[PDB]
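Structure first, commentary second.
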Amino acid sequence: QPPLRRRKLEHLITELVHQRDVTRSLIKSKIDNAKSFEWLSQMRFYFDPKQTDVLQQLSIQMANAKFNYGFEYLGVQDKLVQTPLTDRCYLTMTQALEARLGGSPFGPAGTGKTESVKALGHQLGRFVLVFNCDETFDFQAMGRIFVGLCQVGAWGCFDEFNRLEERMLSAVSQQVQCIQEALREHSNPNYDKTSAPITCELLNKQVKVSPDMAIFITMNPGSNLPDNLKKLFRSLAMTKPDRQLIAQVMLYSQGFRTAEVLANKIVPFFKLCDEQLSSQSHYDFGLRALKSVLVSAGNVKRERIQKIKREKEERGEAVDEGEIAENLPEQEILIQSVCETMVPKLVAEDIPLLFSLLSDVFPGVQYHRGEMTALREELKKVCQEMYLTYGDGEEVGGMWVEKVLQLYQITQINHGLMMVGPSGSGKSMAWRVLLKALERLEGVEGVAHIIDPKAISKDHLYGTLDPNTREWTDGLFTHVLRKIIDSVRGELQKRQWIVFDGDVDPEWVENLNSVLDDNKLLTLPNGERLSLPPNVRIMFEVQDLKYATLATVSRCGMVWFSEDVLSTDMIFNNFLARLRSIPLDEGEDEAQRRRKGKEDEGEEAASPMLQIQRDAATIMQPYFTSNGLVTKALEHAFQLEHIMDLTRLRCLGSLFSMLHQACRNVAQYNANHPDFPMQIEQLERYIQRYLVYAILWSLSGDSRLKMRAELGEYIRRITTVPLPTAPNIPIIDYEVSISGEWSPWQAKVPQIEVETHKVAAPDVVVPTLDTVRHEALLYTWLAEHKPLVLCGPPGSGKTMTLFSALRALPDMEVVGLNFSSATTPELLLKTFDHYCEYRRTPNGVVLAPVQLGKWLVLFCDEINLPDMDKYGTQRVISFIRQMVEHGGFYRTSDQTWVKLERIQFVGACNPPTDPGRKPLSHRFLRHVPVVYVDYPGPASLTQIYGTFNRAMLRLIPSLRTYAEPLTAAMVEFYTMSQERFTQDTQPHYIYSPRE
Amino acid sequence: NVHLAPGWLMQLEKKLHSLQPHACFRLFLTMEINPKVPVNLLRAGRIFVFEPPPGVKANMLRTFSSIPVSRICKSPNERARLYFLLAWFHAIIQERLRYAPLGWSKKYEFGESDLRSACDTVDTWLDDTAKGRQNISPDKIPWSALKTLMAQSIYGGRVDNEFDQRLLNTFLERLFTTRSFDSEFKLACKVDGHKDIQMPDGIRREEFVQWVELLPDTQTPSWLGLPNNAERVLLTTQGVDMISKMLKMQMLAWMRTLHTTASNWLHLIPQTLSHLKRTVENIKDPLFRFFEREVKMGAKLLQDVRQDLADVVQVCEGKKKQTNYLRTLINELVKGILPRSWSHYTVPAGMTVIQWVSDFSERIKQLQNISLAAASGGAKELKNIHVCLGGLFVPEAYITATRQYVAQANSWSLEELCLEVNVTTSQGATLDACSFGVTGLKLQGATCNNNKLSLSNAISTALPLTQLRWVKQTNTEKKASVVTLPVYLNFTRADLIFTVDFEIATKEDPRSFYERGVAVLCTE
Amino acid sequence: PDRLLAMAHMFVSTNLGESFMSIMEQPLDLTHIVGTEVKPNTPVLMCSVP
Amino acid sequence: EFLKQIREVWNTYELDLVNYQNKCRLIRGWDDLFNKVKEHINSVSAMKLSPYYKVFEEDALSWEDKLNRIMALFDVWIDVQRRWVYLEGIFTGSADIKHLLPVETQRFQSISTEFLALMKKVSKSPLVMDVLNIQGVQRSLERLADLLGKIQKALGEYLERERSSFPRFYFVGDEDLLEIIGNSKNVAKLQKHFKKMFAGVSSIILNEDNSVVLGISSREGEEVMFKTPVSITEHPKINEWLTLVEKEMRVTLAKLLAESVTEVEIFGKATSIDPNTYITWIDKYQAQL
Amino acid sequence: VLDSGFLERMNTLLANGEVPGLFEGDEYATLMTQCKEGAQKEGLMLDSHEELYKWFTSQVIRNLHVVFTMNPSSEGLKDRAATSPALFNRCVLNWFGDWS
Ligand SMILES: Nc1ncnc2c1ncn2[C@@H]1O[C@H](COP(=O)(O)OP(=O)(O)OP(=O)(O)O)[C@@H](O)[C@H]1O
Ligand SMILES: Nc1ncnc2c1ncn2[C@@H]1O[C@H](COP(=O)(O)OP(=O)(O)O)[C@@H](O)[C@H]1O
Ligand SMILES: Nc1ncnc2c1ncn2[C@@H]1O[C@H](COP(=O)(O)OP(=O)(O)O)[C@@H](O)[C@H]1O
């Protein structure tokens, strides 16, 4: 049937079922008189065409009350199932209206209070307005709306009156009290009905009150009606709707023959989904969800009927709709609809629970996943192109491809959707691959606009109007939407996906509620109304949903990307493929050539970089398997306690970058020994040794010395590659030279002699084991241009070590930035526009330092200090996360992308256990490695300052003999002071090496 | 009604401060008890509290005085008896409100507005039916209309609990009937076991008022249908409340007392909870899943409580800094208010910290026994363990888990199972494959013998060993001697877990069971 | 414990005389209290249970 | 030196003149200038204390008089600018707003001419002191404030009259009501507000030349055709033809319901309903009917 | 100090020796005019503002000692450490409580 006639049929069936129930009750009760109350309690209609006035032609009488049809055009509304509770609601509301008292149904949410009131209003043909009493409340317009209700005789229903703040509640209560007293004045028998000018004091003027007008106040206990309105309102308890009937009638209206059994199965199953499944914010198991699921099940059944009919029509057999309907499993269709609607929203742990409950309630029935073979083939091609692991069903990567398919289904169904998986789950790699596969399949070019919502203010995102000259400035989101709508370059012919990639809070989503709503419209403070184009898909890639309002969640579909989706084997395979394919010596060249080459045939030996990294990958392949050394080491290190919260992707990225530096060192030795390049044996020895070294310095880089030693012992116990054979030295204290064998770090710790002057000067970088291990690590991490982060107690000289390592390279100029609770991304913007300039490349705007050929490093001294918002998500941290991952940021003036050039974001930190240090978000910690710079230690202090004491005591030739005992005494006393005055006694009792 | 404008009350208090009153001048502020009133106005005035005088006779007198005489005198003369019946019903419910939660599961707002609405309904319907005749037969009186309107909208609008609606329906069907016009109608039976209140034989308002004035001043809860021990229960509740109030008054150095109290609590609370071992076969069993969730939640709460108590002990020892959370916890423990952190499971309202610790120790000990039995038996012993419904954090989840286990084991669907309750007094009674033991259930106002109820005057009776059996649903009609008793989580009767059924023995009216407030309690 | 209230009445009678609570039982007399012991600037708050 | 700093900061102070839709040159920066004025009057008033005040008293008093003059003048000026911007937006955002309010549009037209002349005059000399020395600028600016307020109030009174004449207009805000009453010839611009005034009405079916309101279309495309179409041409006022559309909707719905009941009575009094006839009847009439 | 607005600027001045953003626009121009004057007056011939401004800071670090007086309060000291680590890093702290 056409959709309109389909809705008419659904309405007619829903009403006829209630009529049949009432007639059956009348027959069973043996009602004989037309005046018996068993009949008078039902909603009766009396039609008299003879009446001259059309508004008084039809009388709707039920119990004592008798209303007249307002003959308002209501469109194709949503008829209710008429559950027995609605019967009670209709009776109580009509009794209250006949007594000139507004009705005040109360109960939990989802009961149907507002719908029951609105359906009653529509049944009488009266215009009904619902005022949502949430924060989206138009107080200034309520007096006008109440005057309109009085004048035109339309109904008024509030959603949750108690949600109003006290002053607003009191004002609206006073207005309602005046209106209801005016209404009650109609009921006086002595009042002259010939002339009845009933007036109410509204807006400091007299307004006539239409007799048909009524006000309903829906209450949500847990509180009660205001004191002045308690004596004017009739309250009804909507404690529990009859979900069994609500479903049965709807399923019977959808064509399901066995509606009763299906309803009696589905309702308790939804109750079990509410109870047994883990408590989540996004889980929606209310009557509304059940109603949708049922409609989708009806759609699936009709799709199956059409499929069978078409298949029979292709062959030579006749088609009978009833015959096909009878020979069709309804339980299978309902379970398929339930799984399709509810599986994406579920976390990984709850899916087996859902299937167990589904087998319990629906025994012997199974859900067959609907596969899309063409899109699956395209997924495989795109996955290989971008070096991803694609799997089918239970294979390696099957869960991720299943998540991508669910994302595609949600894109097909909804216009606004969210991926709310935790950090490092594959949210981005999923929607990028889906967009590319869709582009290659449908032939429609896909374009994404990653718009971070927190790196910029709400005014900069939605635009602001000039208070004086009333000029309108388009914000980032508004500018993007207007550019898409205008379609100056055929934007309507491309699939635009506006990914937000930023946490959701109820400030910048308030203006987005209209867009995510079925209106698909954006309202601007100017007054322009931007209609969402059909191809635009608002998309939110968030981490958690701790600070998201229920309205935004309910208005958007959602796929949960659980962290179990991204198995470590997939990341290992991605790294290995990326190493084998993408060269590292290449800059601008050999980068676009990858896109230009579909298969890269004839360019296998493009560079000795490529050959040498292929050899290195072949060497480390037997260690990156599922049950490999790296996997077991990571599993053991996750048990360990680290300074910051551990994420798998942080350690994995650090290890991958350090192995990249290992292969680059191999290439350097190749370039310095043209006669004898290193052979396969030496390469194997060096790569295995550096792999062990890299595991040690990546997994345990965050922790302290004792637990680094613990991980070293674990590695020694579980590894097969030969290790240093010295008895009582941690393996972390060993370095790997170009030769196969190890070498102790102490060989690179000279005992320099500082001059008499500058004995304690800041620039005096005394090379020490710490300033050698950590200097080597910082060199390795800076050669990869990563946002390195150093953490440790204050004064440990992290900036100094950092300075000692960084100043060894004559290409980077440090710009120290000090962060505090008042720091904002505007500070970084000022640093950029001071030290950098926005050069206009033909590709796009590029921010680069003024000094050509020199790279810029922005030292962030205290990354933790910037204060979290009232919903968390430090803004500067979000800016750095966007600009070190999306490789750029959006301007606040031109609203265009800015791609960075030669900018690094190395920073120092204080441990999160210190007071005032807000812990870092995982979405930012994923990219950045962390180095734990602890205090020098007794032996290092004895050496680091002994040298200092000899340099200082060189002034007196005779007193130089006491330099060693003086250093011993100083170190001893410093240790006693450190172990005597702890921070517990006083907050300022910190004893660092600066002293 | 000056309570409607607190700001104007502030302004009036300031004005009264700044005036020069004459000796004869006097200000009378009539108001209702409401927190919105200013403290300044209450401080500067002579407060007089005017409560309604308790008593069924007083309630009838107030209702009859409020209603104008001319309204009752309206023809037909049956209107007088209708109004007397309505007034008696209103008095019965309003007086029953005091005895809570036995009389009414919660204190509803039955007031003068409902009485006025009911009077308007009676007036309109009697005028419609009678059409103006001086006398009409009691049969022609629209009894069904009155019963339905005062059960669904007039009085049942505020009723949310289904069992309160059942009680209200029983009251309306007992009072509002054509038999109420007989000269021998008994308004309330078994007042003291022998005497029964009878309807006055008069047909005028004056006769009804005279009968009301002649009601004996010996009211007992049995007038309202409640057992005679409801008054004793209310009296002991009031005594406990008086003790608590005087103790709070007597509250108006403590480091050592708090330290020793916390040390005693830490000694009392069991130390550790062992989580269930999740095995491949175990995860399929619904009982194992539910018990694993229970032990996980219990262990988390136990660790939190123990750490907080250890920090409290350290602070009281003068060795630990007082964090804001710790300061709040110390303040709550000193004042005796149950901390908000230790409230992840439903507890009775107004329940002290000492009772919370006493209950938590029992819950954790039961969970430890459950975990030990699960570890020793794997999965078979979980089906044959006798678990108290009160001890569990979410007993409804346990009922669901039992239903799921039966459905899975016997291959039946989950929608075709009905719960049958069998009470066995024998120690360690043999449990069928589809029967689960239950202890700690308390029956209020009744005694069970051979799984057959009987009305009793005892405060409560402990069921020896309840057995929950899940049997396949049968379309057999419920017998007239079967009553559905609610099972409230605690004595407050605020949380409903599930509704058992029971068989009435000998000759006892289920209407009495509905009116007497008989119910099962998970914990006493 | 159900007779704790009735026994506290007896204890109060023993301590502070028998007629300590007797005056409370008698209906309130607004006459004397409004004529005397109430200043003209003191509003008489006649609070009642709703 | 404090006196000299006041003298220089005020003699070098220039107003921030800004283009406004190429219509005229307006002023921003009220916060900064007002804060400077307030700080300086505070300093001068506090200068009356201290033993050193006895010297250069006359200069301080004259300067304080200057600050008071500029403070009052620009306090009136900011309100005048805001009111004129608001009224210019209203009186140029529609074509019929002048026709409905002839006296008001003429009053604002005369004001706007004088205000544009004054804005050009200040644009010639954007210096603060030159602004102050304009012959009788304060009297003219107070006149502008008073007259502009009168027009704004009178316009609000007209809006209230229009709302009271058509009760459903109370459901729609001030700006949208102004758009509705002002875009009378652009009838296609009214379709965006029908969803607020009515219940299921999301548009109106117009004629070829948008002169006769044939009927109403709902949100789903479902439509009703008027039994007697409402003529916009015969009743050009928005009020008249909108009320006629509402009344005709009610009358046509009643008549269609009567016909549908006539058919469904024949449908009910039968022991066998032909599916074709029932589907035809369902298609013929509206869902609610 | 109770207001947290000034604490950021005080921390920046304590650590870096100069607070960026304090001197901007015509204020920066007048600073440079006096800075340039002072640079050449000091004999540090300088004409470029970039080099000249360095001269301004060069005079400050050497000629600005900030003394913070704070009543004894363990919790307040902890909040001050939370909002400004330089008060316990750059500033050496001296305790003298009640007189003996
Ligand atoms: N199919 C795949 N095969 C192999 N590796 C994959 C695959 N999908 C994702 N990965 C790896 O997982 C990493 C993280 O995925 P992605 O970039 O989508 O994370 P994200 O969800 O954006 O993270 P966050 O929540 O922290 O913002 C990828 O960079 C890639 O290394
Ligand atoms: N009689 C009914 N028939 C069908 N659906 C109903 C009925 N009563 C309530 N519902 C549904 O229950 C939900 C109640 O939501 P709503 O009425 O908007 O809020 P509230 O329950 O807070 O009043 C909606 O999904 C509504 O459609
Ligand atoms: N091995 C070392 N070589 C040189 N200086 C050192 C060494 N160890 C400690 N220091 C000194 O310790 C101090 C650390 O100060 P700083 O670098 O500001 O600490 P942080 O980076 O922790 O804030 C500097 O004076 C630095 O010179």
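Each chain in the structure tokens gets a letter, A, B, ..., in the order shown, and its residues are numbered from 1; ligands are numbered from 1 in order too.
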task: Show which residues sit within 9 Å of region 7-10 of chain E, as a PyMOL selection string. Count only C-alpha atoms, and ignore same-chain residues fewer than 5 positions away.
output: (chain A and resi 819-823) or (chain E and resi 1-2+15+19-20+22+80+83-84)
Take the residues that were just selected and, keeping N, CA and C atoms, output them as a PDB file, in the first residue's frame.
```pdb
ATOM      1  N   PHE A 819      52.153  26.611  31.071  1.00  0.00           N
ATOM      2  CA  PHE A 819      50.716  26.424  31.180  1.00  0.00           C
ATOM      3  C   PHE A 819      50.275  26.525  32.634  1.00  0.00           C
ATOM      4  N   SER A 820      49.031  26.953  32.828  1.00  0.00           N
ATOM      5  CA  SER A 820      48.423  27.005  34.150  1.00  0.00           C
ATOM      6  C   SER A 820      46.912  26.880  33.983  1.00  0.00           C
ATOM      7  N   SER A 821      46.182  27.083  35.083  1.00  0.00           N
ATOM      8  CA  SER A 821      44.734  26.905  35.051  1.00  0.00           C
ATOM      9  C   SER A 821      44.054  27.920  34.143  1.00  0.00           C
ATOM     10  N   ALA A 822      44.724  29.027  33.838  1.00  0.00           N
ATOM     11  CA  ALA A 822      44.159  30.063  32.986  1.00  0.00           C
ATOM     12  C   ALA A 822      44.533  29.900  31.518  1.00  0.00           C
ATOM     13  N   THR A 823      45.234  28.829  31.159  1.00  0.00           N
ATOM     14  CA  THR A 823      45.692  28.667  29.786  1.00  0.00           C
ATOM     15  C   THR A 823      44.553  28.233  28.872  1.00  0.00           C
TER      16      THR A 823
ATOM     17  N   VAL E   1      45.859  38.109  46.411  1.00  0.00           N
ATOM     18  CA  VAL E   1      46.154  36.818  45.800  1.00  0.00           C
ATOM     19  C   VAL E   1      44.925  35.915  45.760  1.00  0.00           C
ATOM     20  N   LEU E   2      43.927  36.175  46.611  1.00  0.00           N
ATOM     21  CA  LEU E   2      42.757  35.304  46.701  1.00  0.00           C
ATOM     22  C   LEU E   2      42.094  35.110  45.342  1.00  0.00           C
ATOM     23  N   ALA E  15      58.361  32.946  36.576  1.00  0.00           N
ATOM     24  CA  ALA E  15      59.105  31.912  35.864  1.00  0.00           C
ATOM     25  C   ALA E  15      59.921  32.495  34.715  1.00  0.00           C
ATOM     26  N   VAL E  19      56.084  38.788  31.370  1.00  0.00           N
ATOM     27  CA  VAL E  19      54.754  38.249  31.122  1.00  0.00           C
ATOM     28  C   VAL E  19      54.304  38.708  29.735  1.00  0.00           C
ATOM     29  N   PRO E  20      54.199  37.806  28.761  1.00  0.00           N
ATOM     30  CA  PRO E  20      53.673  38.196  27.450  1.00  0.00           C
ATOM     31  C   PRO E  20      52.208  38.587  27.534  1.00  0.00           C
ATOM     32  N   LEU E  22      51.080  41.470  28.485  1.00  0.00           N
ATOM     33  CA  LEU E  22      50.925  42.655  29.320  1.00  0.00           C
ATOM     34  C   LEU E  22      51.176  43.925  28.521  1.00  0.00           C
ATOM     35  N   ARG E  80      47.391  26.966  46.558  1.00  0.00           N
ATOM     36  CA  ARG E  80      48.341  27.841  45.877  1.00  0.00           C
ATOM     37  C   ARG E  80      49.348  27.034  45.068  1.00  0.00           C
ATOM     38  N   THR E  83      47.500  25.899  41.896  1.00  0.00           N
ATOM     39  CA  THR E  83      47.305  26.927  40.882  1.00  0.00           C
ATOM     40  C   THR E  83      48.604  27.562  40.403  1.00  0.00           C
ATOM     41  N   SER E  84      49.706  27.401  41.133  1.00  0.00           N
ATOM     42  CA  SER E  84      50.950  28.059  40.753  1.00  0.00           C
ATOM     43  C   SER E  84      52.158  27.330  41.330  1.00  0.00           C
TER      44      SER E  84
END
```
task: Give me the residues within 8 Å of residue 506 (chain A) as a list in words, counting only C-alpha atoms and dropping any in the same chain fewer than 4 places off.
output: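 Listing them by chain and then by number gives residues 510, 547, 548 and 549 of chain A.
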query: residue 926 (chain A): which residues within 10 Å, counting only C-alpha atoms, same-chain residues fewer than 4 positions away excluded, as a list in words?
result: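 That gives residues 423, 424, 646, 647, 648, 649, 650, 651, 652, 653, 654, 881, 921 and 922 of chain A.
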message: Neighbouring residues of ligand 3 are defined here as those with any atom at most 8 Å from a ligand atom, counting only C-alpha atoms and all ligand atoms; list them as a list in words.
response: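 The distance check yields residues 760, 761, 762, 763, 764, 765, 766, 767, 768, 770, 771, 792, 793, 794, 795, 796, 797, 798, 799, 800, 801, 802, 861, 908, 936, 941, 944, 993 and 994 of chain A.
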Could those residues be written to a file, using N, CA and C atoms, as a CSV table (one decimal), in the first residue's frame?
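Final output, saved to part-v4.csv:
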```csv
chain,number,residue,atom,x,y,z
A,760,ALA,N,77.7,26.1,38.7
A,760,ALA,CA,76.3,25.7,38.9
A,760,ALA,C,75.4,26.5,38.0
A,761,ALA,N,75.9,26.9,36.8
A,761,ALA,CA,75.1,27.6,35.8
A,761,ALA,C,74.1,26.7,35.2
A,762,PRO,N,72.9,27.3,34.8
A,762,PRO,CA,71.9,26.5,34.2
A,762,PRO,C,72.3,25.7,33.0
A,763,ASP,N,73.1,26.3,32.1
A,763,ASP,CA,73.4,25.7,30.8
A,763,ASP,C,74.5,24.6,31.0
A,764,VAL,N,74.9,24.4,32.3
A,764,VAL,CA,76.0,23.4,32.5
A,764,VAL,C,75.3,22.0,32.4
A,765,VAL,N,75.2,21.4,31.2
A,765,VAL,CA,74.6,20.1,31.1
A,765,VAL,C,75.7,19.1,31.3
A,766,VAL,N,75.8,18.6,32.6
A,766,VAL,CA,76.8,17.6,32.9
A,766,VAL,C,76.3,16.2,32.3
A,767,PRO,N,77.0,15.6,31.3
A,767,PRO,CA,76.5,14.4,30.7
A,767,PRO,C,76.5,13.4,31.9
A,768,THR,N,75.3,12.7,32.1
A,768,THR,CA,75.2,11.7,33.1
A,768,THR,C,74.4,10.5,32.6
A,770,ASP,N,71.6,9.4,33.3
A,770,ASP,CA,70.2,9.9,33.0
A,770,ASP,C,70.2,10.7,31.7
A,771,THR,N,71.2,11.7,31.7
A,771,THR,CA,71.2,12.6,30.5
A,771,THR,C,71.8,11.9,29.3
A,792,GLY,N,57.7,13.7,35.6
A,792,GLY,CA,58.5,13.3,36.8
A,792,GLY,C,58.3,14.4,37.9
A,793,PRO,N,58.9,14.2,39.1
A,793,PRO,CA,58.8,15.2,40.1
A,793,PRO,C,59.4,16.5,39.6
A,794,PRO,N,59.0,17.6,40.2
A,794,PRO,CA,59.4,18.9,39.7
A,794,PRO,C,60.9,19.2,39.9
A,795,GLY,N,61.5,20.0,39.1
A,795,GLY,CA,63.0,20.4,39.3
A,795,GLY,C,63.9,19.3,38.8
A,796,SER,N,63.4,18.1,38.4
A,796,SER,CA,64.2,17.0,38.0
A,796,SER,C,65.1,17.4,36.8
A,797,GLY,N,64.8,18.6,36.2
A,797,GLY,CA,65.6,19.0,35.1
A,797,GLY,C,65.1,18.4,33.8
A,798,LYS,N,63.9,18.0,33.8
A,798,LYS,CA,63.3,17.4,32.5
A,798,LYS,C,63.5,18.4,31.4
A,799,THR,N,63.1,19.7,31.6
A,799,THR,CA,63.4,20.8,30.6
A,799,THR,C,64.8,20.8,30.3
A,800,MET,N,65.7,20.7,31.3
A,800,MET,CA,67.2,20.8,31.0
A,800,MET,C,67.6,19.5,30.2
A,801,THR,N,67.3,18.3,30.6
A,801,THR,CA,67.6,17.1,29.8
A,801,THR,C,67.0,17.4,28.4
A,802,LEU,N,65.7,17.6,28.4
A,802,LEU,CA,65.1,18.0,27.1
A,802,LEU,C,65.9,19.0,26.4
A,861,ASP,N,55.4,23.5,29.4
A,861,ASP,CA,56.0,23.1,30.6
A,861,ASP,C,55.2,22.3,31.5
A,908,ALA,N,56.6,19.0,29.0
A,908,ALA,CA,57.0,18.5,30.3
A,908,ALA,C,55.7,18.4,31.1
A,936,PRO,N,67.7,12.1,40.4
A,936,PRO,CA,69.0,11.5,40.0
A,936,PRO,C,69.3,10.2,40.7
A,941,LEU,N,73.8,11.3,41.9
A,941,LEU,CA,74.0,12.6,42.7
A,941,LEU,C,75.4,12.7,43.1
A,944,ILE,N,77.2,13.4,39.8
A,944,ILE,CA,76.8,14.7,39.1
A,944,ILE,C,77.4,15.9,39.9
A,993,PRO,N,66.6,18.4,43.3
A,993,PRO,CA,68.0,18.7,43.0
A,993,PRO,C,68.3,20.1,42.8
A,994,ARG,N,67.3,20.9,42.4
A,994,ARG,CA,67.5,22.4,42.2
A,994,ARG,C,68.2,22.9,43.5
```
Please provide as a PDB file with N, CA, C and O atoms, in the first residue's frame all residues within 12 Å of residue 21 (chain E), with the sequence filter that same-chain residues fewer than 5 positions apart are discarded (counting only C-alpha atoms).
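Just written: part-v2.pdb:
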```pdb
ATOM      1  N   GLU A 826      43.914  29.953  22.782  1.00  0.00           N
ATOM      2  CA  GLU A 826      44.286  31.259  22.252  1.00  0.00           C
ATOM      3  C   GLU A 826      45.750  31.576  22.523  1.00  0.00           C
ATOM      4  O   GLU A 826      46.387  32.277  21.732  1.00  0.00           O
ATOM      5  N   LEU A 827      46.304  31.070  23.628  1.00  0.00           N
ATOM      6  CA  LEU A 827      47.729  31.253  23.890  1.00  0.00           C
ATOM      7  C   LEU A 827      48.574  30.586  22.811  1.00  0.00           C
ATOM      8  O   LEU A 827      49.543  31.177  22.312  1.00  0.00           O
ATOM      9  N   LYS A 830      48.373  32.693  19.687  1.00  0.00           N
ATOM     10  CA  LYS A 830      49.285  33.833  19.740  1.00  0.00           C
ATOM     11  C   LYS A 830      50.728  33.398  19.509  1.00  0.00           C
ATOM     12  O   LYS A 830      51.482  34.079  18.806  1.00  0.00           O
ATOM     13  N   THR A 831      51.131  32.268  20.090  1.00  0.00           N
ATOM     14  CA  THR A 831      52.479  31.772  19.838  1.00  0.00           C
ATOM     15  C   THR A 831      52.684  31.483  18.355  1.00  0.00           C
ATOM     16  O   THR A 831      53.740  31.794  17.789  1.00  0.00           O
ATOM     17  N   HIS A 834      52.885  34.691  16.322  1.00  0.00           N
ATOM     18  CA  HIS A 834      54.139  35.380  16.602  1.00  0.00           C
ATOM     19  C   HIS A 834      55.309  34.715  15.883  1.00  0.00           C
ATOM     20  O   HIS A 834      56.056  35.378  15.155  1.00  0.00           O
TER      21      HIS A 834
ATOM     22  N   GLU E   8      47.926  33.768  37.484  1.00  0.00           N
ATOM     23  CA  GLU E   8      48.547  33.331  36.236  1.00  0.00           C
ATOM     24  C   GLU E   8      49.636  34.302  35.798  1.00  0.00           C
ATOM     25  O   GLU E   8      50.751  33.893  35.448  1.00  0.00           O
ATOM     26  N   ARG E   9      49.330  35.601  35.819  1.00  0.00           N
ATOM     27  CA  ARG E   9      50.317  36.594  35.414  1.00  0.00           C
ATOM     28  C   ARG E   9      51.496  36.619  36.376  1.00  0.00           C
ATOM     29  O   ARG E   9      52.650  36.748  35.950  1.00  0.00           O
ATOM     30  N   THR E  12      53.678  33.619  35.571  1.00  0.00           N
ATOM     31  CA  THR E  12      54.442  33.819  34.345  1.00  0.00           C
ATOM     32  C   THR E  12      55.600  34.785  34.573  1.00  0.00           C
ATOM     33  O   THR E  12      56.718  34.548  34.098  1.00  0.00           O
ATOM     34  N   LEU E  13      55.357  35.871  35.309  1.00  0.00           N
ATOM     35  CA  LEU E  13      56.425  36.821  35.608  1.00  0.00           C
ATOM     36  C   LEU E  13      57.515  36.175  36.454  1.00  0.00           C
ATOM     37  O   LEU E  13      58.707  36.421  36.236  1.00  0.00           O
ATOM     38  N   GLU E  27      50.693  50.703  23.926  1.00  0.00           N
ATOM     39  CA  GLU E  27      51.438  50.507  25.164  1.00  0.00           C
ATOM     40  C   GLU E  27      52.786  49.858  24.883  1.00  0.00           C
ATOM     41  O   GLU E  27      53.813  50.258  25.442  1.00  0.00           O
ATOM     42  N   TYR E  28      52.802  48.856  24.001  1.00  0.00           N
ATOM     43  CA  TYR E  28      54.062  48.235  23.603  1.00  0.00           C
ATOM     44  C   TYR E  28      54.952  49.234  22.875  1.00  0.00           C
ATOM     45  O   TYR E  28      56.175  49.237  23.049  1.00  0.00           O
TER      46      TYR E  28
END
```
Chain A residues near ligand 2 within 6 Å, closest pair each, using only C-alpha atoms and all ligand atoms, as CSV:
```
residue,atom,partner,partner_atom_place_in_ligand_line,distance
A:80,CA,ligand 2,3 (N),3.4
A:81,CA,ligand 2,3 (N),3.6
A:82,CA,ligand 2,1 (N),4.4
A:83,CA,ligand 2,1 (N),4.9
A:86,CA,ligand 2,1 (N),5.8
A:109,CA,ligand 2,22 (O),3.9
A:110,CA,ligand 2,21 (O),3.1
A:111,CA,ligand 2,21 (O),3.6
A:112,CA,ligand 2,17 (O),3.2
A:113,CA,ligand 2,23 (O),3.4
A:114,CA,ligand 2,23 (O),4.0
A:115,CA,ligand 2,17 (O),3.9
A:116,CA,ligand 2,8 (N),5.8
A:246,CA,ligand 2,3 (N),5.3
A:287,CA,ligand 2,12 (O),5.0
A:288,CA,ligand 2,25 (O),3.3
```
